[PDB]
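J.: Build me a structure from this.
(4 chains, ligands or ions: 7)
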Amino acid sequence: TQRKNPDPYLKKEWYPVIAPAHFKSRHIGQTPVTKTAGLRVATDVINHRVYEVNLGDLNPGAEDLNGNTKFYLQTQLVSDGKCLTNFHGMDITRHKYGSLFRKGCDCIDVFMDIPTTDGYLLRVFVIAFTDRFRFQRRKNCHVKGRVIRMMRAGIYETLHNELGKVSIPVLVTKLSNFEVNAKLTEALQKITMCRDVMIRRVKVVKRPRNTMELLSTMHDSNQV
Amino acid sequence: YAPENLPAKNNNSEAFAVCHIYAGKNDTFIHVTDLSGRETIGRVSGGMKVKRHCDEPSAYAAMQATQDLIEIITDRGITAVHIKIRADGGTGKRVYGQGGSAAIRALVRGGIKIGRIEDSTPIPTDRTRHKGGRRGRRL
Amino acid sequence: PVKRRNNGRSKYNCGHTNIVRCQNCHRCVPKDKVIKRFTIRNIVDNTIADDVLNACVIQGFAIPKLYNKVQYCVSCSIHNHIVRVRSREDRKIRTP
RNA sequence: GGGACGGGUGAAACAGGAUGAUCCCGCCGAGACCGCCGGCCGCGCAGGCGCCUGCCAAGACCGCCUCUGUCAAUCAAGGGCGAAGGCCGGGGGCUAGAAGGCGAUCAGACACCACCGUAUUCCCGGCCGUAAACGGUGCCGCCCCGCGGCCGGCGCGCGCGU
Ligand SMILES: CC[C@H]1CN2CCc3cc(OC)c(OC)cc3[C@@H]2C[C@@H]1C[C@H]1NCCc2cc(OC)c(OC)cc21
Ligand SMILES: [Mg+2]
Ligand SMILES: [Mg+2]
Ligand SMILES: [Mg+2]
Ligand SMILES: [Mg+2]
Ligand SMILES: [Mg+2]
Ligand SMILES: [Zn+2]
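T.: Residues are numbered from 1 along each chain as shown, chains lettered A, B, ... in the order given. Ligands and ions are numbered 1, 2, ... in the order given. Structure data below:
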């Protein structure tokens, strides 16, 4: 009952994929698509696609600092034969997450819902671990409850104050840098030892239907 | 293939795709996709190259399938790939089979450049009940 | 008679503990009685790590690791040589 | 999207596939569950106890030149709680899975292995009142070699370290 079919790659053509201006290397790559036929149109089918890009490839250099973070972009508008994208979410790699854990320590995980001025609503996730004091007799490094609640409250306060309300471009710049992580750590380190403190990932829950002024804002160098 | 049916050439970089490896306990899958997963360039499996069921996840079949796949994709105009190595997962073994490393070495020795590598095994924060019962496979 | 003072488990100041499934046979075991080991291994076997690194385009790339915890039942640990049957006097030794 | 096998085993064979399967990605629905941290850690009368946020009441321990003044210990009868399975009446329906069915193995296999699958597993109200319900050691009280580890609270000392 088998049949042979013609090669479908004889009616294909590639498009380029472009990144926002916050980053140095703005060529993501290329995507194939079938040439328009009937109702199918390439500029419509390739409209909403999601590309996972490592931060160390978007910003060459700083491999030891950028190689374990990877956010993904979504195309919103096809023009000039090239596809334009904006921010869709951020995450770290799996090996880093697995490496974070060690026996004898405590783990804190927090998430808060963060709205924006542009109408995006985001959920962020923050992870922290306790560490050992320099002259600690005992081997374990657990802590008491009051310390834990202070750490959670401080995380909430810092997140609210630095990310309480912000535009997408500013948030993307902050995430590309690690200043939010720096604030989290120096606020928490004032309470106790902090082995690691960072942002696990960012999710987008709801966004406005039309993002054209935003896309035009993200894709030009000078406005930011 | 006409030139417009292949990726464009430019000195800034090369053609990058991503390969998905399924290193199972019963079969091996080698799959090449675009940067997104919505298009497929080449798909081969270890059961296409052997006659014995128990040999489908063997390394030899994986290598043969990998050579065929690199031939196809090179004809289609792809030179570098990222890697996504994966096990069965899902409240399962969570350990790679024996065909994954053979696939990787076959890609490397086929003149294919390598980008990034990561684990893609589907793991949960919560567990549905697995099979076997509370006494397990007794045999 | 009684063979071990711990009765073959590590259960102190409690009545019940949560259960786990053996990774080989999927038997249900108490968490305090299951044999646990932690492993750290490279995704790529070390024989071809150099080949992969040569093929890699990025500069200064480091091979990722796998972090997993293996949990086995008593029967499966013995059958797979994870633990050994010891002498009467060596049962008290606790060092690895 | 792509085009020929896939699943499963010690090895195989039943169920799936050109009506496009397996594989990749995205969205949608529902119901369970709470991972790595997680322990000669801890809480609870025992049975038992692990997502975020908030609310309600409770409890042992330590510290004290606060109060009362024997108000106590243990217990037939009686009362209350009590794993899992099971039952009655209502809800819900995803995983697994007694009964049942089917493929293998065997001399036989109505069993162990593979696959499908009903009750059940989840919630409310209520019965039942059993377990290797084990530290197989009843409760209250006194004396008692030496060394060490962990948890909670308080005090002393200094060169100020959890
Ligand atoms: C429970 C199913 C039994 C059915 N067979 C008989 C034929 C056979 C021949 C083998 O030689 C290769 C063989 O090697 C693994 C297994 C079998 C199975 C044996 C099954 C009996 C089962 N309990 C007794 C001992 C045993 C040992 C086994 O070796 C690991 C085994 O493999 C899963 C199954 C069994
Ligand atoms: Mg056996
Ligand atoms: Mg005996
Ligand atoms: Mg008990
Ligand atoms: Mg019940
Ligand atoms: Mg008794
Ligand atoms: Zn096991």
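
J.: Residue A:83: neighbouring residues, count only.
T.: Taking other CB atoms under 10 Å in any protein chain shown as the criterion, the count of residues near residue A:83 is 24. C-betas here are computed from N, CA, C, even on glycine.

J.: for residue 66, phi and psi?
T.: In the absence of a named chain, this looks at chain A. The phi and psi torsions at residue A:66 (degrees, to the nearest 10) take the values phi -120, psi -10.

J.: To clarify, I was referring to chain C.
T.: phi -110, psi 130.

J.: bridging residues for it?
T.: Note on residue C:66: beta-bridge partners by DSSP bridges are residue C:41.

J.: so it touches residue C:45, yeah?
T.: No. The criterion here is CB atoms under 8 Å, and residue C:66 misses it with residue C:45 at 11.4 Å.

J.: Give me the more crowded residue out of these two.
T.: More neighbours sit around residue C:66 than around the other of residue C:66 and residue C:45, counting by other CB under 10 Å; the figures are 18 against 14.

J.: Next one: that one from residue C:96, what distance?
T.: Between residue C:66 and residue C:96 the computed distance is 22 Å (CB to CB, to the nearest Å).

J.: Equivalent analysis for residue A:154, please.
T.: As it turns out, when the distance is counted by CB to CB, residue A:154 lies 39 Å from residue C:96.

J.: quick one, which of those two is more surrounded?
T.: Counted by other CB under 10 Å, residue A:154 and residue C:96 do not tie: residue A:154 has more neighbours, with 16 against 3.

J.: Quickly find the element holding that one.
T.: When secondary structure is defined using DSSP states H and E, the element that contains residue A:154 is helix A:145-163.

J.: Now the element after that helix, going C-ward?
T.: Criterion used, DSSP H and E; the element after helix A:145-163 is helix A:168-176.

J.: by how many degrees do that next one and helix A:145-163 diverge?
T.: In this structure, helix A:168-176 runs at an angle of 130 degrees to helix A:145-163, with axes from the mean of the first three to the mean of the last three CA atoms, to 10 degrees as the basis.

J.: Quick check: buried residues in helix A:168-176?
T.: For helix A:168-176, burial by neighbour count (16 or more other CB atoms under 10 Å in any protein chain shown) applies to A:168, A:169, A:171, A:172, A:174, A:175, A:176.

J.: Which strands or helices does it pack on?
T.: Helices and strands touching helix A:168-176, as assessed by 3 or more CB pairs under 8 Å, 6 or more residues apart in numbering or on different chains; DSSP states H and E, comprise strand A:82-92, helix A:145-163, helix A:213-218.

J.: just the ones you listed: most buried one?
T.: With neighbours taken as mean count of other CB atoms under 10 Å in any protein chain shown, these reach their highest mean count in strand A:82-92, at a mean of 20.

J.: That strand and chain C, are they touching?
T.: No. Counting by CB under 8 Å from any CB of the partner chain, chain C is not contacted by strand A:82-92; separation bottoms out at 12.2 Å.

J.: Farthest pair within the buried residues of helix A:168-176?
T.: For the buried residues of helix A:168-176, with distances taken as CB to CB, the pair at the greatest spread is A:168 and A:176 (12.3 Å).

J.: All set now, cheers.
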